[PDB]
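Notes follow once the structure below has been shown.
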Ligand SMILES: CC(=O)N[C@@H]1[C@@H](O)[C@H](O[C@@H]2O[C@H](CO)[C@H](O)[C@H](O[C@]3(C(=O)O)C[C@H](O)[C@@H](NC(C)=O)[C@H]([C@H](O)[C@H](O)CO)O3)[C@H]2O)[C@@H](CO)O[C@H]1O
Ligand SMILES: CC(=O)N[C@H]1[C@H]([C@H](O)[C@H](O)CO)O[C@@](O[C@@H]2[C@@H](O)[C@H](O)O[C@H](CO)[C@@H]2O)(C(=O)O)C[C@@H]1O
Ligand SMILES: CC(=O)N[C@H]1[C@H]([C@H](O)[C@H](O)CO)O[C@@](O[C@@H]2[C@@H](O)[C@H](O)O[C@H](CO)[C@@H]2O)(C(=O)O)C[C@@H]1O
Ligand SMILES: *[C@@H]1O[C@H](CO)[C@@H](O)[C@H](O)[C@H]1NC(C)=O
Ligand SMILES: *[C@@H]1O[C@H](CO)[C@@H](O)[C@H](O)[C@H]1NC(C)=O
Ligand SMILES: *[C@@H]1O[C@H](CO)[C@@H](O)[C@H](O)[C@H]1NC(C)=O
Ligand SMILES: *[C@@H]1O[C@H](CO)[C@@H](O)[C@H](O)[C@H]1NC(C)=O
Ligand SMILES: [Ca+2]
């Protein structure tokens, strides 16, 4: 007999499952994903003055390995490092290597300044090696000089070289120490005297003695040249005191501004833009979380140990 | 005279206090603890192929200190280190000691491989000391050999020994350098010549020179034997070039797989299982949080600065 | 007509905007700030036995640089380091310098203990320099002695000095190596003999050789005195064997307990109190968060990347038309 | 649920209501009708849009690499980084889980409250002219044509117009 | 509290009700009785069980040592580790305290709502045959024997059976 | 809002009610009057004071320097510290934002519930002697002088005293 008005709410045939504080299997009308599972298999470089180093390793830019001849100076906001890139043509390594690599990979450019180092007539400063080929001929790291006695067997003279930082910004200076494979080789290059290299400034102090001894050939060579580095502040002097074994800098480096360092094998794409990168490529999602990798760079969604996390965008679904 | 039906809720005599967003002293019918504050003063090792090192320090396993004679090789998924464990019998220390200890404590076993190093007839390779007692008397580190001149005062011969890794996994090589108590002692053992020990692989190089400056006696001995170590990759060689002062390896080590390192003072219990350990024992709780210690290893509840946090499991308690 | 009773709630003319889970622009009757934006540009030291080092660098306290003469010993709960503080009067530097500074800035005091080192007739232990002025005269690091030959030219004798730690706590011992400016200078102070300094304890050993040669003048001086340090354990001894070049300790140091190290240029204020400090001063707030600096020490509000976060302390404001 | 309407005294949702989240169905002498309620529907949608605007977001903090992809880093430092990164990941995984669980509970209960508030608004409009059946409907004790039904939906229904007729029918 | 029933218009709980969380007491000619309501009780317990399943959990992340119990590590990295671990502990301590405070607020208010939802169900069942007491009771304006009281509890009370006479008793 | 009263069926607040958060306005033959409700006001204030006591605090963990202000740090270790500190700050910023958004939501809805609970209390007291107008008022169907109005505000109004005359006026 009475007329009737009924209050109700919508429903859908295919609801979605979400988790609440009290229920792991709560069916709602709609929901949306908060964890990103996909990435673009490319480095999205639109809006970035980027440098793809190819097979040049960042440290190779400072010392001047032949692979890095086109990357000795420049400017950039993004620096891309690739797998198996070359830093050391001659067998060896850098002391405090990762600190240096990260420093270069957050710069926005490199400039080179001459040390102005000259050497006496009893020093051959043009030592080369078959490990570092340039134009089909034996060469050496472009920013350094392999110093040896000009006459074979003769005592390398006590030498002093001082670089003044005349610039208003700090300069990064590198040098190497040669480690002969035998007593004969050491005597031929530097003489029979005890070898000592000291490097000193107001902000740095260290001593190096060439290691002489038999060891396995690396690319047919038992010798080693290990690299060392430090910063020279504006107005400060850094002095090298050496009598054999020093691989001396002919230029120093100036790191300019800021940039984002990316390590990835993914190909470049100038069409797309991104702010988040990882080994496998670019993450352009708007979502707050991601499950692709705990190792990302830039402005990124936070990594989580979750396949999916659904946020309800509707009421409980209560079908007919 | 109306009949009636009354709606109501339960209550309890012994209510319990919880904290809410708005009330510190909220009485509810029931609650349960979320922070574990009790521990088992025992290392729960059921289901674990474990090794309790006792008074043997992990580094002593590699060099073969008498305290570690029962732990020269082994397999395990869990390695237990004890307080005041012995690494060295003769006075001295390992360079880069903590990294070595941690690396051993990350392993699932140790195997030993003969170097096969041989020496000329003018070398005594069976040097021993009162500091390292084994069985009847004066002995040495089991995995090393103290090389001295057979004839007292004679120059130790220039010797070369090379170990190739013939395995498919990396080997950990250790050696020592003896630093004599005086010039006279140095001359007696190795002769009057300048001593030089050079070590070299594809990835490692170093020079060592025995030091003879006056220093105090440790258990009656002013001499020191310091240890050095490196990893040799599959197929690579490590060459020792020396003329007195080298404590040479008789065997090298292979760290097998991975395992959980525990540093604890608690005794073993093979009746109980656990995945979370600390200095004082094991944490077997189901609870999310824990107030025992910020230093734990394994799969653990999170440390919090709180004795108790009660989670309500019932309504407000409202008695008559 | 029925009589009426109406239920209502208050409102205000000037509501405040807050953010909720669902609304960025929610007007409420009242709110309060949770993020502190203001700092006192002053180091609030009320209720603290504090030491302001001023122009004295922490390492200068141990070697006894003239600027540190009033900071050679003492006790403190808070130690304040200033910018451009002086550690070294003579040219040179300490090996493992930052670790030493950190260790001192973690301490709650310093005591000094005599080494008891003595020297024969041929050693002049009172070497001084114009680089280290004190009372208008040439002086030296208060806790060290510059040993030279008494007769200029003569060989500095082979010498042994051993310090035993007779205390129940570890002692920090420092020494210097003089690196002469020329071969001529080396010969005048220590003689023509080749120089070598050995240092040996139960837990430490090292060898040092005076490197001789010309180098840039720091305040008209090419010579250097570089410093080294180690810890001597309770009951252990440390032996110096030397024949020229050693700058020997006359006292060793004992770091007492723990204290809060602060690095700041802000002036001291004993009127205000605080438990949180940073380069620019003190944060006295009761609030849970702050946006002044991510670089703070003490018991502090947590740094957040937010200018303001308003917590509602009232209902929705629904004003009248 | 918290407010007792959705998955509560309202038995189920309407699949055939495709132009709104909440609404009305009626029956009177002339026939039947259906209409969505715009205000309550929009109130629910706007609150959910607010959550999405807050949640679908990343920080603008620029992070650099501290782990080399193509070279070995120091073992002690690597262990510290691994401990720290895994700790940070446990925190974010936990925060993510809690955020979405908490928000999902609130979204569901908020939607329930909007249903109840519409129901309550209608109850108070009808006053003594109707009675609740317990299923989310009101039995109206007077002739209520399509115009009358529209006035209930659009909040312009004047109870005093029908009160005399309605009270007589209710008491019977 | 939020829903006004528990510690609200219901003055206190019943310690004698040991077979449920919510329920009924009644009065009629035949005497008095008590009975728990299973459905409301189980709704509250199931929701609390859901929280426990969520919360009483640890992560499955494997952590290894970055601090030596029995020896000294490098002082610089040790200070970084101490800063990091203490920062992590402050976060988890804060998260733990907020989690439990928020969950306890919700548990209490959820339980309050389940009481009100039962109360509201009974109100709508009784329709015009009863009036609210103000303290959680309904005064029923007709004779309601044990089978009638049971019909209210098990949700099968038909108001139309008693309506005619109930209305007359109310108007008097 | 969640409970439908504040910014709901109560059209707006009263700027002139300066001595309470919730209260009453009446109209009878003697005129009008206003009065705050102490108990509901204090219930809301106490809950907000509760939140302030929990939120307005810092941890007592003493942190020391791991970054030198006046000297350089190793670039690798400096980068680890920077990553860690920035990761910690992102967590605390997120946590702060979530805390205050969640608390603000609850504070507003709590205040709404206290308004509704006062309304519901008055509704049940008045019983069959008054009717709701839908705007937060009760039309009382008997002469209710200042002392009668006071008894409603003070929770001592006896519905049975006025029932006979009230029902006659409601039925007309
Ligand atoms: C010289 C003097 O009057 N007094 C002490 C002298 O006691 C001490 O010499 C050491 O004394 C201890 C006493 O237990 C041992 O006898 C040392 O001998 C051994 C050893 O057991 O360690 C003998 C062993 O055969 C030697 N092994 C080899 C391979 O050569 C070793 C070895 O030479 C040394 O350990 C190398 O440092 O020594 C004996 O040397 C010294 C302590 O420095 O101090 C004198 O002043
Ligand atoms: C500056 C100099 O002496 N350069 C030499 C170089 C070095 O003497 C040597 O690398 C130091 O360790 O040696 C070069 O010659 C090599 C031989 O030493 C080696 O035995 O065989 C190599 C061929 O596989 C090679 O000929 C070199 O590295 O190229 C010659 C160079 O001028
Ligand atoms: C202990 C001692 O010999 N002190 C000398 C000191 C040292 O010989 C010198 O610093 C070691 O490098 O030298 C003092 O005199 C200086 C001259 O050596 C220097 O050539 O010129 C300086 C002026 O710029 C200065 O005169 C010194 O440093 O004061 C004299 C001191 O007794
Ligand atoms: C109290 O709560 C605990 C934890 O959920 C539960 O095991 C126990 O049965 C509860 N007690 C009662 C009487 O319900
Ligand atoms: C850190 O974790 C990575 C990935 O899980 C692993 O490969 C690496 O060995 C770990 N680093 C150290 C030093 O154990
Ligand atoms: C780290 O904390 C522990 C415990 O408070 C303390 O003993 C230790 O000194 C700290 N580590 C360093 C390097 O200061
Ligand atoms: C760490 O961050 C600070 C502040 O932004 C910056 O000055 C410093 O250069 C950073 N350190 C490194 C090693 O990049
Ligand atoms: Ca950086």
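Could you grab me the full set of residues in the range A:276-295 that are more than 7 Å from chain D (Cβ to nearest Cβ) and without any contact (Cβ under 8 Å) to a residue 40 or more places away in the chain?
Correct list: A:276, A:293.
Would you please name the residue that is farthest from the chain's Cα centre (by Cα), looking only at residues in the range F:1-40 that are within 20 Å of residue F:150 (Cα to Cα), surrounded by fewer than 17 Cβ atoms within 10 Å (Cβ to Cβ) and facing another protein chain (nearest Cβ under 8 Å)?
Residue satisfying both the conditions and the ranking: F:29.
Looking at the range D:22-38, which of the residues that are outside any loop (DSSP other than H, G, I, E, B) and in contact (Cβ under 8 Å) with a residue 60 or more places away in the chain is farthest from residue C:19 (Cα to Cα)?
Residue satisfying both the conditions and the ranking: D:28.
Out of curiosity, is residue E:64 closer than 21 Å to residue D:108 by Cβ, facing chain B (nearest Cβ under 9 Å) and more than 16 Å from ligand 2 (Cβ to nearest atom)?
Taking the combined requirement at face value, the residue does not satisfy it.
Of these, B:60, B:54, which one is assigned to a loop (DSSP other than H, G, I, E, B) and under 30 Å from residue B:229 (Cβ atoms)?
The conditions single out B:54.
Out of F:132, F:139, which single residue is within 7 Å of chain C (Cβ to nearest Cβ) and either within 16 Å of ligand 8 (Cβ to nearest atom) or more than 30 Å from residue E:106 (Cα to Cα) (or both)?
F:139
Looking only at residues in the range E:50-61 that are more than 29 Å from residue C:289 (Cβ to Cβ) and more than 9 Å from chain B (Cβ to nearest Cβ), which one is farthest from the chain's Cα centre (by Cα)?
The extreme case among them is E:53.
If only one of A:200, A:259, A:191, A:213 is closer than 27 Å to residue D:59 by Cβ and either under 25 Å from the mean Cα position of the chain (by Cα) or away from ligand 4 (no atom under 16 Å from the Cβ) (or both), which one is it?
Just one listed residue meets the conditions, A:259.
With (1) closer than 30 Å to residue A:109 by Cα; (2) in contact (Cβ under 8 Å) with a residue 60 or more places away in the chain; (3) more than 11 Å from every other protein chain (Cβ to nearest Cβ) as the list, and residue A:170 as the residue in question, which single condition is left unmet?
Tallying (1) closer than 30 Å to residue A:109 by Cα; (2) in contact (Cβ under 8 Å) with a residue 60 or more places away in the chain; (3) more than 11 Å from every other protein chain (Cβ to nearest Cβ), residue A:170 fails exactly one: (3).
Does residue F:104 satisfy the criteria of being free of Cβ contacts under 8 Å to residues at least 24 places away in the same chain, buried (at least 22 other Cβ atoms within 10 Å of the Cβ) and away from ligand 3 (no atom under 16 Å from the Cβ)?
yes
Filtering the range A:76-97 down to residues that are in a loop (DSSP other than H, G, I, E, B) and within 16 Å of residue A:262 (Cα to Cα), which residue is nearest to the other protein chains (Cβ to nearest Cβ)?
The residue in question is A:83.
Would you be able to tell me the number of residues in the range A:98-109 that are assigned to a helix (DSSP H, G or I) and away from ligand 5 (no atom under 16 Å from the Cβ)?
Residues that pass the stated criteria total 6.
Residues in the range A:87-108 that are crowded, with 17+ Cβ neighbours inside 10 Å and under 13 Å from the mean Cα position of the chain (by Cα): how many?
14
Examine the range C:246-269 for a residue that is within 14 Å of chain B (Cβ to nearest Cβ) and away from ligand 1 (no atom under 16 Å from the Cβ), and state whether such a residue exists.
There is at least one residue in the range C:246-269 that is within 14 Å of chain B (Cβ to nearest Cβ) and away from ligand 1 (no atom under 16 Å from the Cβ).
Given the residues A:120, A:127, A:136, which is the only one that is more than 16 Å from ligand 7 (Cβ to nearest atom) and at positive phi?
Exactly one of A:120, A:127, A:136 is more than 16 Å from ligand 7 (Cβ to nearest atom) and at positive phi, namely A:136.
Being surrounded by fewer than 20 Cβ atoms within 10 Å (Cβ to Cβ) and facing chain C (nearest Cβ under 7 Å) is the filter here; which residues of the range F:69-95 pass it?
If the condition is that a residue be surrounded by fewer than 20 Cβ atoms within 10 Å (Cβ to Cβ) and facing chain C (nearest Cβ under 7 Å), then F:69, F:70, F:71, F:85, F:89 are the ones that fit.
For the structure I just gave you, tell me whether residue C:301 is buried (at least 23 other Cβ atoms within 10 Å of the Cβ) and touching a residue at least 40 places away in the same chain (Cβ under 8 Å).
When the stated conditions are applied, residue C:301 passes them.
Residues A:73, A:65: which one is more than 30 Å from residue A:284 (Cβ to Cβ), away from ligand 3 (no atom under 16 Å from the Cβ) and either within 14 Å of chain F (Cβ to nearest Cβ) or crowded, with 17+ Cβ neighbours inside 10 Å (or both)?
A:65
Is it fair to say residue D:105 is more than 22 Å from residue F:93 (Cα to Cα), outside any loop (DSSP other than H, G, I, E, B) and more than 8 Å from chain A (Cβ to nearest Cβ)?
Answer is no for this residue.
Is it the case that the range E:112-123 has a residue that's more than 7 Å from every other protein chain (Cβ to nearest Cβ), surrounded by fewer than 18 Cβ atoms within 10 Å (Cβ to Cβ) and in a helix (DSSP H, G or I)?
So far as the range E:112-123 goes, yes, one or more of its residues are more than 7 Å from every other protein chain (Cβ to nearest Cβ), surrounded by fewer than 18 Cβ atoms within 10 Å (Cβ to Cβ) and in a helix (DSSP H, G or I).
Look through B:217, B:193, B:184 and report the one residue that is at the interface with another protein chain (Cβ under 9 Å from one of its Cβ atoms) and under 28 Å from residue C:159 (Cβ atoms).
Being at the interface with another protein chain (Cβ under 9 Å from one of its Cβ atoms) and under 28 Å from residue C:159 (Cβ atoms) holds for just one of B:217, B:193, B:184, which is B:217.
Where a number appears in this text, it was derived from the coordinates with a stated rule and is not lab data. Methodologically, a virtual Cβ is constructed for each residue, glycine included, from the backbone with ideal geometry; neighbour enumeration extends over all protein chains shown.
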